[PDB]
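What follows is one structure encoded as structure tokens, with my remarks underneath.
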Amino acid sequence: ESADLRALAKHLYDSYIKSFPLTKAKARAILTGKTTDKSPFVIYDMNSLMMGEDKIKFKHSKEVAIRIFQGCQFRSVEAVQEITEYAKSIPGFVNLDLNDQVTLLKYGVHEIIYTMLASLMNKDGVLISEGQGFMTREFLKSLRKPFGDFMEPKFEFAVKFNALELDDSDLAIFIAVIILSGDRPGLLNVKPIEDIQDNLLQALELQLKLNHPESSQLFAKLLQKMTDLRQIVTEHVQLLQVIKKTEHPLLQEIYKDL
Amino acid sequence: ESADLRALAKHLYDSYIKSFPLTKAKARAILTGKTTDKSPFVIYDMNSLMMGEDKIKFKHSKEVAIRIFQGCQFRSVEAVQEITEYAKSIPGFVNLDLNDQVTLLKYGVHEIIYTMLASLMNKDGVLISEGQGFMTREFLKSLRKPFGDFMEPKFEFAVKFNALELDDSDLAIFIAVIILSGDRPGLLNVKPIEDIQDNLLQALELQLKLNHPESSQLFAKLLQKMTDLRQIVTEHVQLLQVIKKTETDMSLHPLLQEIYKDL
Ligand SMILES: *c1ccc([N+](=O)[O-])cc1C(=O)Nc1ccncc1
Ligand SMILES: *c1ccc([N+](=O)[O-])cc1C(=O)Nc1ccncc1
Ligand SMILES: CCCCCCCCC(=O)O
Ligand SMILES: CCCCCCCCC(=O)O
């Protein structure tokens, strides 16, 4: 019944607005200069970076590309918590085996992070720190190996992902689909997981149809992007290993892999 | 609104289950004799100790007292890792300044060790190796000179703390109150810490009165235990500085060494 699919779609959208501060509707305004009420500090090279810690406050000898990467880790840890709280609002998620919940979040966050990073990106850079900042794609490239290689694949993916012109109400259901993948390693009771993903998949299909009637087979194209996602993540984890032989103790524990 | 504080209580209980594999409910099922859990092998002398590595999974002629000490030292490392994971689930914690996160963990972690260790203790001893073993208080107090006195203050606190009859969902909120202190030496921005803790304190208070309605002033009686916790740490680090000079061949784990900072 489409009423329950539209009900589910509104629920997830509300829960996604509450859980993720900087939404795509918001970030799209800041990036296009439409909402001139406040313009982010742009970081385009070293001196703009050094200046950037003065305007935008952060927490942090200690080379530039390392400090940027560390701040990227800091932000990752925050996004995990926002994702965890979003997941808890997906109908049926909390009722799952606690270990399956943990396994679903553990393998699902890198996918969701790069998905949602695309909301903050265009071909020329990425909003940082709630969008008070904008780090140019070209400045991120100008970092030494392996660090200049780090964000370029994500920019690459976002440019194509954003060409789908999804909005927050679309993404809210997409993100739920990603979390409820029954093929994560080590799951103990795949059935209720896949039962929820089928229900979320129906909701996503009805949503893309009404929200994008002119976008033929958008549902399928969005599902195909989850290929680019998994390949992104696979390439991302190995880079992190290369880094773990380029670069404390309590910090090491806060930034355990994931 | 109570509903908001109940939701926070459920959130923290949920994350506590996910971060701490040996809960108090499990540990009491093992200690009291329930059939949901199985029987510990009991170490009370060197013979039973020697049988323990056979029967119980350990990881370890580097004399008995030192061997126990390195084993209990490696378990502390694992507990620190577990506490660090639970902390990141405390809402607002990861949004704090990174320096204050490290500082909250550095001081909060040992007070949490001995709070939760109380869950593994009764009058007579303490579970070990994820509840597969049980090391008697007497065998611990009988260890040589310096080492014989490491655990007895923990047993003394645990016996009084356990008298409160807190359960895991109480402990989850209480451990979060501990982490978000704000009176820790060196904190850069005390106010966002104190705002979180006040929410935790509100959460703990509603939880204690719903979960233990007959237990008058349990909230206040639980906050006063934070003093016994402070005292247990200080005795510990001073006893640690003795071993550092006695056995200058004994090594401390780096995670644990950085947590310990003179003055
Ligand atoms: C930066 C550095 C390391 C990792 N990681 O090892 O998972 C991830 C990131 C990253 O891109 N974090 C991020 C999350 C959300 N928004 C922006 C950046
Ligand atoms: C024993 C010896 C040294 C230290 N330390 O420097 O923190 C800790 C311990 C100890 O009691 N570890 C422990 C933690 C949690 N559960 C059981 C034992
Ligand atoms: C210094 C802020 C870092 C936030 C992470 C957003 C992506 C850009 C980066 O790699 O730093
Ligand atoms: C060999 C592991 C030791 C378990 C650590 C628990 C603390 C109490 C003790 O060690 O006796």
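Letters A, B, ... mirror the listed sequences (proteins, then strands); counts begin at 1. Start at 1 and go down the list; that is how both ligands and their atoms are numbered.
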Sorted by chain and residue number, the side chain to side chain contact (heavy atoms under 4.5 Å, CB included) partners of A/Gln252 (sequence neighbours excluded) come out as A/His248

Mark up the atoms of ligand 3 that fall under 4.0 Å of a heavy atom belonging to A/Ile68, in ascending order. 11 (O)

Measure from the side-chain N and O atoms of B/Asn162 to the backbone N and O of B/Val159, and report whether any donor-acceptor pair falls under 3.5 Å. no

Answer yes or no: is there a donor N or O on one side and an acceptor on the other, between the side chain of B/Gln70 and the main chain of B/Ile66, under 3.5 Å? no

Nearest 0.5 Å, please: how far is CD1 in A/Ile179 from CG in A/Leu104? 8.5 Å

What ring-ring contact (aromatic ring centres under 6.0 Å, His included) pairs are there with at least one residue in residues 225-246 of chain A, not counting sequence neighbours? A/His110-A/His236, A/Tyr114-A/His236, A/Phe150-A/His236

What protein heavy atom sits nearest atom 6 (C) of ligand 3, and how far away is it? A/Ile128 CG2, 4.1 Å

Test side chain to side chain contact (heavy atoms under 4.5 Å, CB included) applied to B/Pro192 - qualifying residues, sequence neighbours left out: B/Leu96, B/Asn189

Expected contact list for ligand 1 at under 4.0 angstrom, heavy-atom basis, is A/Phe69, A/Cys72, A/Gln73, A/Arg75, A/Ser76, A/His110, A/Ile113, A/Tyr114, A/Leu117, A/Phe150, A/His236, A/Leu240

Hey, which atoms in ligand 3 end up nearer than 4.0 Å to a heavy atom of A/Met151? 7 (C), 10 (O)

Counting N and O atoms only, with roles assigned by atom type, does the side chain of B/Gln101 sit under 3.5 Å from a partner on the main chain of B/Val94, one being a donor and the other an acceptor? yes

